[PDB]
Amino acid sequence: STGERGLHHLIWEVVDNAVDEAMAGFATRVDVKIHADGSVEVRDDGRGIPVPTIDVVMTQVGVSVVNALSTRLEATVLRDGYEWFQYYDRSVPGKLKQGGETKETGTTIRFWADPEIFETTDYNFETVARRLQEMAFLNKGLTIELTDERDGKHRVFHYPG
Ligand SMILES: Cc1ccc(-c2cnc(Nc3ccc(OCCCN4CCN(C)CC4)cc3)c(C(N)=O)n2)cc1C
Ligand code: NA
């Protein structure tokens with residue numbers, strides 16, 4: 001889908017994955033940031049995406065609609081004592097970069113939806129908030145924070161168990 005609905009679906013797919021970590025009791029929070037550069041960042045404190053050829057978990061990111069319909073995608077993993085960077089340039093992956101040391105675990109997915117593919121690229125804060133309100137309500141005790149850098153709109157979603 002190439003409209004505002006299909007654009008918002010890119011957010012739904014990234015968030016559904018982060019929320020799966022929470023359901024499973026690995027993640028406690030999800031942070032969604034709508035940037036001023038056209039990108040969306042989804043951060044969780046889960047296990048970190050692991051760093052046949054179709055046994056490589058990162059391949060699920062590479063083959064996804066989010067990576068296909070994005071000019072750029074940045075996957076940042078905090079796992080196995082290190083920070084890891086797996087970047088894609090127009091769906092094409094770069095080499096896996098091993099950064100600094102960390103005791104933390106988690107996944108950050110940042111994607112720039114293709115302005116040629118979508119005739120809008122303008123996310124709707126209310127639509128995102130509607131989806132994120134459902135994510136927190138289905139996962140009682142999970143904290144979800146939504147921030148929009150474009151206008152300073154901020155919301156916290158938490159339902160106490
Ligand atoms: C667009 C998109 C974005 C994120 C993800 C994604 C995938 N896996 C994830 N999580 C995840 C974490 C741990 C994990 O471990 C699986 C068990 C251990 N592996 C067994 C196979 N081995 C080769 C490696 C280790 C699998 C998935 C997460 C996330 N946000 O946590 N996101 C998927 C898609 C399609
Ligand atoms: Na964690």
# chains A, B, ... in the order shown; residues from 1 in each chain; ligands from 1

call {"tool": "select_by_dssp", "arguments": {"residues": "chain A", "states": "alpha helix (DSSP H)", "output": "PyMOL selection string"}}
result
chain A and resi 4-23+58-62+65-68+125-138

call {"tool": "write_last_selection", "arguments": {"atoms": "N, CA and C atoms", "output": "tab-separated table (two decimals), in the first residue's frame"}}
result
chain	number	residue	atom	x	y	z
A	4	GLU	N	-1.32	7.05	2.79
A	4	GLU	CA	-1.05	7.35	4.21
A	4	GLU	C	-1.27	6.08	5.06
A	5	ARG	N	-2.24	5.22	4.67
A	5	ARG	CA	-2.51	3.95	5.35
A	5	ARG	C	-1.30	3.00	5.27
A	6	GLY	N	-0.76	2.84	4.05
A	6	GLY	CA	0.41	2.01	3.76
A	6	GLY	C	1.67	2.53	4.40
A	7	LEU	N	1.81	3.86	4.47
A	7	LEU	CA	2.92	4.57	5.14
A	7	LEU	C	2.90	4.25	6.63
A	8	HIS	N	1.70	4.30	7.22
A	8	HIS	CA	1.53	4.01	8.65
A	8	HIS	C	1.74	2.53	8.95
A	9	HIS	N	1.57	1.66	7.94
A	9	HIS	CA	1.78	0.23	8.06
A	9	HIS	C	3.24	-0.12	8.32
A	10	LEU	N	4.18	0.75	7.84
A	10	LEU	CA	5.62	0.60	8.05
A	10	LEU	C	5.91	0.73	9.54
A	11	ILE	N	5.21	1.67	10.21
A	11	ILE	CA	5.31	1.85	11.66
A	11	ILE	C	4.74	0.63	12.37
A	12	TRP	N	3.56	0.13	11.91
A	12	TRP	CA	2.88	-1.01	12.53
A	12	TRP	C	3.76	-2.26	12.56
A	13	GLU	N	4.45	-2.57	11.44
A	13	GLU	CA	5.34	-3.74	11.33
A	13	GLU	C	6.55	-3.70	12.26
A	14	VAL	N	7.23	-2.53	12.37
A	14	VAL	CA	8.38	-2.34	13.24
A	14	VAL	C	7.93	-2.46	14.72
A	15	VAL	N	6.84	-1.75	15.09
A	15	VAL	CA	6.28	-1.75	16.44
A	15	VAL	C	5.75	-3.15	16.81
A	16	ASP	N	5.06	-3.88	15.90
A	16	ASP	CA	4.57	-5.24	16.21
A	16	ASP	C	5.71	-6.15	16.70
A	17	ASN	N	6.92	-5.99	16.10
A	17	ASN	CA	8.10	-6.76	16.45
A	17	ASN	C	8.65	-6.41	17.83
A	18	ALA	N	8.72	-5.10	18.15
A	18	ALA	CA	9.19	-4.59	19.43
A	18	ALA	C	8.25	-5.03	20.58
A	19	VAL	N	6.94	-5.01	20.30
A	19	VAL	CA	5.87	-5.39	21.22
A	19	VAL	C	5.85	-6.90	21.48
A	20	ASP	N	6.31	-7.73	20.50
A	20	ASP	CA	6.45	-9.19	20.67
A	20	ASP	C	7.46	-9.52	21.78
A	21	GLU	N	8.54	-8.71	21.90
A	21	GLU	CA	9.57	-8.82	22.94
A	21	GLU	C	8.99	-8.53	24.31
A	22	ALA	N	8.03	-7.59	24.38
A	22	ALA	CA	7.35	-7.21	25.61
A	22	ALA	C	6.38	-8.31	26.07
A	23	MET	N	5.56	-8.87	25.14
A	23	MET	CA	4.58	-9.94	25.37
A	23	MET	C	5.28	-11.15	26.04
A	58	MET	N	18.41	-11.14	10.99
A	58	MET	CA	18.56	-9.85	10.30
A	58	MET	C	18.02	-9.89	8.87
A	59	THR	N	17.99	-11.10	8.26
A	59	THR	CA	17.44	-11.30	6.91
A	59	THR	C	15.94	-10.98	6.90
A	60	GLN	N	15.24	-11.21	8.04
A	60	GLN	CA	13.83	-10.85	8.14
A	60	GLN	C	13.66	-9.31	8.05
A	61	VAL	N	14.66	-8.54	8.54
A	61	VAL	CA	14.68	-7.07	8.45
A	61	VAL	C	14.96	-6.66	6.99
A	62	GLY	N	16.01	-7.24	6.41
A	62	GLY	CA	16.39	-7.00	5.02
A	62	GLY	C	15.33	-7.29	3.97
A	65	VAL	N	9.02	-5.31	4.05
A	65	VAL	CA	8.35	-4.24	3.31
A	65	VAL	C	8.93	-2.87	3.77
A	66	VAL	N	9.20	-2.73	5.10
A	66	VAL	CA	9.77	-1.54	5.73
A	66	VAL	C	11.13	-1.23	5.07
A	67	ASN	N	11.97	-2.25	4.85
A	67	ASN	CA	13.27	-2.04	4.21
A	67	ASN	C	13.15	-1.82	2.71
A	68	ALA	N	12.17	-2.48	2.07
A	68	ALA	CA	11.88	-2.41	0.64
A	68	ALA	C	11.35	-1.03	0.25
A	125	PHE	N	0.27	11.94	13.94
A	125	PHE	CA	0.47	11.73	15.37
A	125	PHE	C	-0.70	10.98	16.03
A	126	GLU	N	-1.95	11.37	15.68
A	126	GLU	CA	-3.20	10.80	16.21
A	126	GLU	C	-3.39	9.34	15.85
A	127	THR	N	-3.07	8.99	14.59
A	127	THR	CA	-3.11	7.64	14.04
A	127	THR	C	-2.09	6.76	14.78
A	128	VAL	N	-0.84	7.25	14.91
A	128	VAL	CA	0.24	6.56	15.64
A	128	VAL	C	-0.17	6.36	17.11
A	129	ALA	N	-0.70	7.42	17.75
A	129	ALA	CA	-1.18	7.37	19.13
A	129	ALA	C	-2.32	6.35	19.26
A	130	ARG	N	-3.23	6.27	18.27
A	130	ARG	CA	-4.31	5.29	18.31
A	130	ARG	C	-3.74	3.85	18.37
A	131	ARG	N	-2.74	3.54	17.53
A	131	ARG	CA	-2.09	2.23	17.46
A	131	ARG	C	-1.30	1.95	18.76
A	132	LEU	N	-0.51	2.93	19.22
A	132	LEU	CA	0.30	2.81	20.42
A	132	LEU	C	-0.52	2.70	21.71
A	133	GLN	N	-1.73	3.29	21.76
A	133	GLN	CA	-2.66	3.17	22.89
A	133	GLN	C	-3.15	1.70	22.99
A	134	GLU	N	-3.44	1.07	21.83
A	134	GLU	CA	-3.82	-0.37	21.75
A	134	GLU	C	-2.65	-1.28	22.20
A	135	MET	N	-1.39	-1.01	21.75
A	135	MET	CA	-0.18	-1.78	22.13
A	135	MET	C	0.02	-1.85	23.66
A	136	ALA	N	-0.07	-0.69	24.35
A	136	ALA	CA	0.05	-0.60	25.81
A	136	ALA	C	-1.12	-1.27	26.53
A	137	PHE	N	-2.37	-1.09	26.02
A	137	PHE	CA	-3.58	-1.72	26.60
A	137	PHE	C	-3.57	-3.25	26.48
A	138	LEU	N	-2.98	-3.80	25.42
A	138	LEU	CA	-2.86	-5.27	25.24
A	138	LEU	C	-1.69	-5.86	26.07

call {"tool": "residues_near_ligand", "arguments": {"ligand": "ligand 2", "cutoff": "7 Å", "atoms": "only C-alpha atoms and all ligand atoms", "output": "VMD selection string"}}
result
chain A and resid 26 to 27 45 to 47 104 to 106

call {"tool": "write_last_selection", "arguments": {"atoms": "N, CA, C and O atoms", "output": "PDB file, in the first residue's frame"}}
result
ATOM      1  N   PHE A  26      10.534  -9.841  27.742  1.00  0.00           N
ATOM      2  CA  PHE A  26      11.950  -9.464  27.542  1.00  0.00           C
ATOM      3  C   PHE A  26      12.108  -7.952  27.575  1.00  0.00           C
ATOM      4  O   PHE A  26      13.039  -7.472  28.196  1.00  0.00           O
ATOM      5  N   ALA A  27      11.198  -7.208  26.922  1.00  0.00           N
ATOM      6  CA  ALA A  27      11.208  -5.733  26.871  1.00  0.00           C
ATOM      7  C   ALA A  27      10.208  -5.163  27.883  1.00  0.00           C
ATOM      8  O   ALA A  27       9.178  -5.782  28.157  1.00  0.00           O
ATOM      9  N   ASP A  45      13.854  -2.239  24.765  1.00  0.00           N
ATOM     10  CA  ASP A  45      14.914  -2.771  25.632  1.00  0.00           C
ATOM     11  C   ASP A  45      14.803  -4.319  25.708  1.00  0.00           C
ATOM     12  O   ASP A  45      15.014  -4.896  26.774  1.00  0.00           O
ATOM     13  N   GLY A  46      14.489  -4.962  24.572  1.00  0.00           N
ATOM     14  CA  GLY A  46      14.355  -6.413  24.468  1.00  0.00           C
ATOM     15  C   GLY A  46      15.687  -7.138  24.507  1.00  0.00           C
ATOM     16  O   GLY A  46      16.632  -6.663  25.134  1.00  0.00           O
ATOM     17  N   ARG A  47      15.763  -8.297  23.838  1.00  0.00           N
ATOM     18  CA  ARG A  47      16.963  -9.156  23.776  1.00  0.00           C
ATOM     19  C   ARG A  47      18.010  -8.670  22.755  1.00  0.00           C
ATOM     20  O   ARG A  47      19.155  -9.112  22.800  1.00  0.00           O
ATOM     21  N   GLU A 104      23.815  -3.627  28.305  1.00  0.00           N
ATOM     22  CA  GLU A 104      22.417  -3.511  27.867  1.00  0.00           C
ATOM     23  C   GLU A 104      22.041  -4.383  26.651  1.00  0.00           C
ATOM     24  O   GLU A 104      22.889  -4.734  25.827  1.00  0.00           O
ATOM     25  N   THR A 105      20.745  -4.703  26.542  1.00  0.00           N
ATOM     26  CA  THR A 105      20.172  -5.442  25.424  1.00  0.00           C
ATOM     27  C   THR A 105      19.004  -4.656  24.813  1.00  0.00           C
ATOM     28  O   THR A 105      18.310  -3.919  25.520  1.00  0.00           O
ATOM     29  N   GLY A 106      18.808  -4.786  23.507  1.00  0.00           N
ATOM     30  CA  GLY A 106      17.720  -4.070  22.847  1.00  0.00           C
ATOM     31  C   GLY A 106      17.912  -3.823  21.366  1.00  0.00           C
ATOM     32  O   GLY A 106      19.002  -4.035  20.821  1.00  0.00           O
TER      33      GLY A 106
END

call {"tool": "residues_around", "arguments": {"residues": "residue 113 (chain A)", "least_positions_apart": "5", "cutoff": "7 Å", "atoms": "only C-alpha atoms", "output": "ChimeraX atom specification"}}
result
/A:39,69-71,121

call {"tool": "select_by_dssp", "arguments": {"residues": "region 13-155 of chain A", "states": "strand (DSSP E)", "output": "NGL selection string"}}
result
:A and (29-34 or 39-44 or 70-79 or 82-89 or 92-93 or 97-101 or 106-113 or 143-148 or 154-155)

call {"tool": "residues_around", "arguments": {"residues": "region 82-87 of chain A", "least_positions_apart": "5", "cutoff": "6 Å", "atoms": "only C-alpha atoms", "output": "list in words"}}
result
residues 73, 74, 75, 76, 77, 93, 94, 96, 97, 98, 99, 100, 101 and 102 of chain A

call {"tool": "write_last_selection", "arguments": {"atoms": "N, CA, C and O atoms", "output": "PDB file, in the first residue's frame"}}
result
ATOM      1  N   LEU A  73      17.373   2.378   6.019  1.00  0.00           N
ATOM      2  CA  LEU A  73      16.977   1.695   7.243  1.00  0.00           C
ATOM      3  C   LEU A  73      18.238   1.435   8.074  1.00  0.00           C
ATOM      4  O   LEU A  73      19.238   0.929   7.565  1.00  0.00           O
ATOM      5  N   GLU A  74      18.160   1.766   9.358  1.00  0.00           N
ATOM      6  CA  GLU A  74      19.241   1.592  10.317  1.00  0.00           C
ATOM      7  C   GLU A  74      18.786   0.734  11.456  1.00  0.00           C
ATOM      8  O   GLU A  74      17.874   1.132  12.181  1.00  0.00           O
ATOM      9  N   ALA A  75      19.408  -0.440  11.617  1.00  0.00           N
ATOM     10  CA  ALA A  75      19.095  -1.358  12.724  1.00  0.00           C
ATOM     11  C   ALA A  75      20.280  -1.337  13.689  1.00  0.00           C
ATOM     12  O   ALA A  75      21.421  -1.523  13.262  1.00  0.00           O
ATOM     13  N   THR A  76      20.025  -0.975  14.949  1.00  0.00           N
ATOM     14  CA  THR A  76      21.060  -0.847  15.983  1.00  0.00           C
ATOM     15  C   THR A  76      20.724  -1.793  17.123  1.00  0.00           C
ATOM     16  O   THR A  76      19.721  -1.624  17.825  1.00  0.00           O
ATOM     17  N   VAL A  77      21.586  -2.776  17.309  1.00  0.00           N
ATOM     18  CA  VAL A  77      21.386  -3.841  18.274  1.00  0.00           C
ATOM     19  C   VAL A  77      22.318  -3.749  19.458  1.00  0.00           C
ATOM     20  O   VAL A  77      23.534  -3.596  19.295  1.00  0.00           O
ATOM     21  N   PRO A  93      22.077  -4.015   2.044  1.00  0.00           N
ATOM     22  CA  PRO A  93      22.798  -3.955   3.329  1.00  0.00           C
ATOM     23  C   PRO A  93      24.292  -3.717   3.234  1.00  0.00           C
ATOM     24  O   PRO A  93      24.966  -4.290   2.376  1.00  0.00           O
ATOM     25  N   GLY A  94      24.799  -2.913   4.163  1.00  0.00           N
ATOM     26  CA  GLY A  94      26.223  -2.696   4.347  1.00  0.00           C
ATOM     27  C   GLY A  94      26.756  -3.823   5.217  1.00  0.00           C
ATOM     28  O   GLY A  94      25.990  -4.700   5.638  1.00  0.00           O
ATOM     29  N   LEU A  96      28.213  -5.687   8.636  1.00  0.00           N
ATOM     30  CA  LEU A  96      27.811  -5.542  10.034  1.00  0.00           C
ATOM     31  C   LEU A  96      28.946  -4.895  10.838  1.00  0.00           C
ATOM     32  O   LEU A  96      30.054  -5.431  10.870  1.00  0.00           O
ATOM     33  N   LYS A  97      28.668  -3.728  11.458  1.00  0.00           N
ATOM     34  CA  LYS A  97      29.649  -3.005  12.251  1.00  0.00           C
ATOM     35  C   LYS A  97      29.490  -3.274  13.747  1.00  0.00           C
ATOM     36  O   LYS A  97      28.386  -3.172  14.287  1.00  0.00           O
ATOM     37  N   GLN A  98      30.596  -3.632  14.406  1.00  0.00           N
ATOM     38  CA  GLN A  98      30.637  -3.876  15.847  1.00  0.00           C
ATOM     39  C   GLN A  98      31.175  -2.623  16.537  1.00  0.00           C
ATOM     40  O   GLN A  98      32.346  -2.263  16.340  1.00  0.00           O
ATOM     41  N   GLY A  99      30.317  -1.969  17.325  1.00  0.00           N
ATOM     42  CA  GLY A  99      30.672  -0.740  18.034  1.00  0.00           C
ATOM     43  C   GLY A  99      31.249  -0.998  19.405  1.00  0.00           C
ATOM     44  O   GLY A  99      31.882  -2.033  19.642  1.00  0.00           O
ATOM     45  N   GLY A 100      30.983  -0.075  20.316  1.00  0.00           N
ATOM     46  CA  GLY A 100      31.434  -0.171  21.693  1.00  0.00           C
ATOM     47  C   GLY A 100      30.733  -1.229  22.526  1.00  0.00           C
ATOM     48  O   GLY A 100      29.668  -1.747  22.154  1.00  0.00           O
ATOM     49  N   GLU A 101      31.325  -1.493  23.698  1.00  0.00           N
ATOM     50  CA  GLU A 101      30.843  -2.427  24.708  1.00  0.00           C
ATOM     51  C   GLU A 101      29.636  -1.868  25.462  1.00  0.00           C
ATOM     52  O   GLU A 101      29.532  -0.659  25.661  1.00  0.00           O
ATOM     53  N   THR A 102      28.746  -2.768  25.915  1.00  0.00           N
ATOM     54  CA  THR A 102      27.514  -2.453  26.662  1.00  0.00           C
ATOM     55  C   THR A 102      26.991  -3.692  27.410  1.00  0.00           C
ATOM     56  O   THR A 102      27.113  -4.814  26.919  1.00  0.00           O
TER      57      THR A 102
END

call {"tool": "residues_around", "arguments": {"residues": "residue 42 (chain A)", "least_positions_apart": "3", "cutoff": "6 Å", "atoms": "only C-alpha atoms", "output": "JSON, numbers by chain"}}
result
{"A": [31, 32, 108, 109]}

call {"tool": "write_last_selection", "arguments": {"atoms": "N, CA, C and O atoms", "output": "PDB file, in the first residue's frame"}}
result
ATOM      1  N   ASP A  31       9.946   2.959  22.683  1.00  0.00           N
ATOM      2  CA  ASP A  31      10.023   4.392  22.392  1.00  0.00           C
ATOM      3  C   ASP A  31       9.854   4.561  20.911  1.00  0.00           C
ATOM      4  O   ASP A  31      10.501   3.850  20.146  1.00  0.00           O
ATOM      5  N   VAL A  32       8.911   5.435  20.498  1.00  0.00           N
ATOM      6  CA  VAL A  32       8.621   5.754  19.092  1.00  0.00           C
ATOM      7  C   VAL A  32       8.880   7.256  18.901  1.00  0.00           C
ATOM      8  O   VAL A  32       8.279   8.099  19.586  1.00  0.00           O
ATOM      9  N   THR A 108      16.936  -0.893  18.121  1.00  0.00           N
ATOM     10  CA  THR A 108      16.505   0.384  17.554  1.00  0.00           C
ATOM     11  C   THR A 108      16.386   0.114  16.038  1.00  0.00           C
ATOM     12  O   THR A 108      17.311  -0.445  15.436  1.00  0.00           O
ATOM     13  N   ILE A 109      15.235   0.462  15.446  1.00  0.00           N
ATOM     14  CA  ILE A 109      14.985   0.394  13.998  1.00  0.00           C
ATOM     15  C   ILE A 109      14.647   1.829  13.607  1.00  0.00           C
ATOM     16  O   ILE A 109      13.721   2.401  14.171  1.00  0.00           O
TER      17      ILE A 109
END

call {"tool": "residues_around", "arguments": {"residues": "residue 37 (chain A)", "least_positions_apart": "6", "cutoff": "10 Å", "atoms": "only C-alpha atoms", "output": "PDB file with N, CA, C and O atoms, in the first residue's frame"}}
result
ATOM      1  N   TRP A 112      13.572   5.607   6.854  1.00  0.00           N
ATOM      2  CA  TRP A 112      13.225   6.755   6.050  1.00  0.00           C
ATOM      3  C   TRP A 112      12.358   6.227   4.902  1.00  0.00           C
ATOM      4  O   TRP A 112      12.884   5.734   3.901  1.00  0.00           O
ATOM      5  N   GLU A 149       9.123  15.148  16.844  1.00  0.00           N
ATOM      6  CA  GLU A 149      10.101  16.241  16.740  1.00  0.00           C
ATOM      7  C   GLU A 149       9.605  17.408  15.886  1.00  0.00           C
ATOM      8  O   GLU A 149      10.121  18.523  16.051  1.00  0.00           O
ATOM      9  N   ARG A 150       8.640  17.151  14.948  1.00  0.00           N
ATOM     10  CA  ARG A 150       8.105  18.172  14.030  1.00  0.00           C
ATOM     11  C   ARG A 150       7.379  19.316  14.738  1.00  0.00           C
ATOM     12  O   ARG A 150       7.394  20.441  14.225  1.00  0.00           O
TER      13      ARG A 150
END

call {"tool": "closest_residue", "arguments": {"among": "A:25, A:81, A:152, A:3", "to": "ligand 1", "atoms": "only C-alpha atoms and all ligand atoms"}}
result
A:25

call {"tool": "atom_distance", "arguments": {"atom1": "CA of residue 1 (chain A)", "atom2": "CA of residue 34 (chain A)"}}
result
20.1 Å

call {"tool": "atom_distance", "arguments": {"atom1": "CA of residue 160 (chain A)", "atom2": "CA of residue 142 (chain A)"}}
result
8.3 Å

call {"tool": "closest_residue", "arguments": {"among": "A:145, A:55, A:80, A:116", "to": "ligand 1", "atoms": "only C-alpha atoms and all ligand atoms"}}
result
A:55

call {"tool": "closest_residue", "arguments": {"among": "A:72, A:107, A:52, A:40", "to": "ligand 1", "atoms": "only C-alpha atoms and all ligand atoms"}}
result
A:107
